[PDB]
Amino acid sequence: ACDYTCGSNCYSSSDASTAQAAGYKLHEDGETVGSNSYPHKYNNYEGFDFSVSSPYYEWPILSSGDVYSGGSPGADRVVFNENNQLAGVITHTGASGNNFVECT
Ligand SMILES: Nc1nc2c(ncn2[C@@H]2O[C@H](CO)[C@@H](O)[C@H]2OP(=O)(O)O)c(=O)[nH]1
Ligand SMILES: [Sr+2]
C-alpha cells in the first residue's frame, strides 16, 4: 500500500524522507536546481492545515524514485519547514491550474 497517493503515483514514507533530505540540504546550502529554482518557498495559498510551523519550502518528489536533479519536476512535491520537519506531500494532479491538493 502507498503511504502517500498523488493521483496515480505511489510513495512510501521512505520516498518522502529521501526527497526531503535532498531538498533540505540544498536549502541549507543556499543552492537551487531546475528552471523553477527548487527548493523554494511554499506560501500555502491553499490554506492547508499542516501540524508543523512555517516557513515552508517545496521540493519535487519523483515517481521514478530518483532524487530531483533538474529537468521536469513532475506534479508532486514534498513540503518541509525550517526545522527539516515534513509538513506533507502535495500534487498538482487533480487540481485546477497551478493549484495543489494533498496526496492521501
Ligand atoms: N499553488 C501554489 N503555488 C505556489 C505556492 N507557493 C508558491 N507557489 C508558486 O506560485 C506560482 C503560482 O502558483 C508558481 O510559481 C508556484 O511555484 P511552483 O509552480 O513551483 O509550485 C502555494 O502555496 N500554492
Ligand atoms: Sr518508491
Side-chain angles (χ1 to χ4, degrees):
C2 312
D3 289 306
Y4 298 106
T5 301
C6 300
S8 304
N9 293 323
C10 187
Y11 300 112
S12 65
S13 62
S14 59
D15 294 314
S17 296
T18 297
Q20 176 180 174
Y24 192 69
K25 174 56 62 59
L26 291 179
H27 168 64
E28 186 172 62
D29 297 320
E31 301 175 306
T32 58
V33 59
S35 296
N36 299 344
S37 297
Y38 292 114
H40 69 260
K41 178 178 298 302
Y42 178 67
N43 299 299
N44 188 36
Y45 300 138
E46 286 65 31
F48 294 125
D49 269 297
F50 301 127
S51 60
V52 302
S53 61
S54 60
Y56 302 122
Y57 298 100
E58 60 170 297
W59 170 259
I61 179 173
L62 309 181
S63 59
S64 63
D66 299 301
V67 174
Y68 184 67
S69 56
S72 180
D76 314 325
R77 309 279 184 277
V78 293
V79 182
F80 60 80
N81 66 18
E82 205 64 59
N83 293 171
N84 194 191
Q85 298 181 298
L86 181 64
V89 183
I90 61 179
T91 183
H92 284 303
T93 302
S96 57
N98 293 180
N99 291 303
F100 283 110
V101 293
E102 290 190 295
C103 301
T104 55

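Just so you know, ligand 1 is whichever comes first in the structure, and atom 1 is the first atom listed for that ligand. Each residue takes its place number in the sequence, starting with 1.
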Out of all atoms in ligand 1, which are within 4.0 Å of some heavy atom of [X]? Include the element for each.
| X | value |
| --- | --- |
| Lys41 | 6 (N), 7 (C) |
| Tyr38 | 18 (P), 20 (O) |
| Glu46 | 1 (N), 2 (C), 22 (C), 23 (O), 24 (N) |

Residue pair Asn36 / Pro73, side-chain heavy-atom distance below 4.5 Å: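 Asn36 vs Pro73: side chains touch.
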Is [atom] in close reach of the protein, with a heavy atom under 4.0 Å away?
| atom | value |
| --- | --- |
| atom 5 (C) of ligand 1 | yes |
| atom 15 (O) of ligand 1 | no |
| atom 12 (C) of ligand 1 | no |

Are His92 and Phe100 an aromatic pair, judged by ring center distance below 6.0 Å?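 Aromatic pair counts; centres sit under 6.0 Å.
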Between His40 and ligand 1, which part of the residue brings a heavy atom under 4.0 Å of the ligand: side chain, backbone, both or neither?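 Contact part for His40 vs ligand 1: side chain (C-beta onward).
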If we set the cut-off at 4.0 Å for heavy atoms, which region of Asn44 has an atom near ligand 1: side chain, backbone, both, or neither?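 Answer for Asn44: backbone.
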Testing the 3.5 Å rule here: is there a donor-acceptor pair between the side chains of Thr91 and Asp76?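 The answer is yes; a qualifying pair exists.
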Side chains of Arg77 and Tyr42: do they bring a donor and an acceptor to under 3.5 Å?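 No, because no side-chain N or O of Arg77 sits under 3.5 Å from a partner of the opposite role on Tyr42.
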Among all protein heavy atoms, pick out the one at the shortest distance from atom 10 (O) of ligand 1; state its residue, atom name and that distance to 0.1 Å.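 Answer, as residue, atom name and distance: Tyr45 CE1, 3.9 Å.
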Heavy atom of the protein closest to atom 7 (C) of ligand 1 (residue, atom name, distance):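 Ranking protein heavy atoms by distance from atom 7 (C) of ligand 1, first comes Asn43 ND2, 3.4 Å.
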Decide yes or no on side chain to side chain donor-acceptor pair (under 3.5 Å) for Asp15 and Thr18, but give the supporting numbers first. CA-CA 5 Å; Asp15 294 314; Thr18 297; over 6 Å; no
Under 3.5 Å: donor-acceptor pair, side chain of [X], backbone of [Y]:
| X | Y | answer |
| --- | --- | --- |
| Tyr11 | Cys2 | no |
| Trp59 | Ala22 | no |
| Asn81 | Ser53 | yes |

Exactly one of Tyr24, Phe48, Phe50 should register a ring-ring contact (aromatic ring centres under 6.0 Å, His included) with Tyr56. Which one does?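 The single option meeting the ring-ring contact (aromatic ring centres under 6.0 Å, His included) with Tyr56 is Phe50.
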Should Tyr56 be listed as contacting ligand 1, given a heavy-atom distance under 4.0 Å as the test?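 Flag not set, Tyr56 not near ligand 1.
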Of the listed options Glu58, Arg77, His92, closest to atom 21 (O) of ligand 1 (non-hydrogen atoms):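 Nearest heavy atom to atom 21 (O) of ligand 1 lies in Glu58.
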Does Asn99, backbone or side chain, put an N or O under 3.5 Å from an N or O of ligand 1?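 N/O-N/O distance under 3.5 Å: no.
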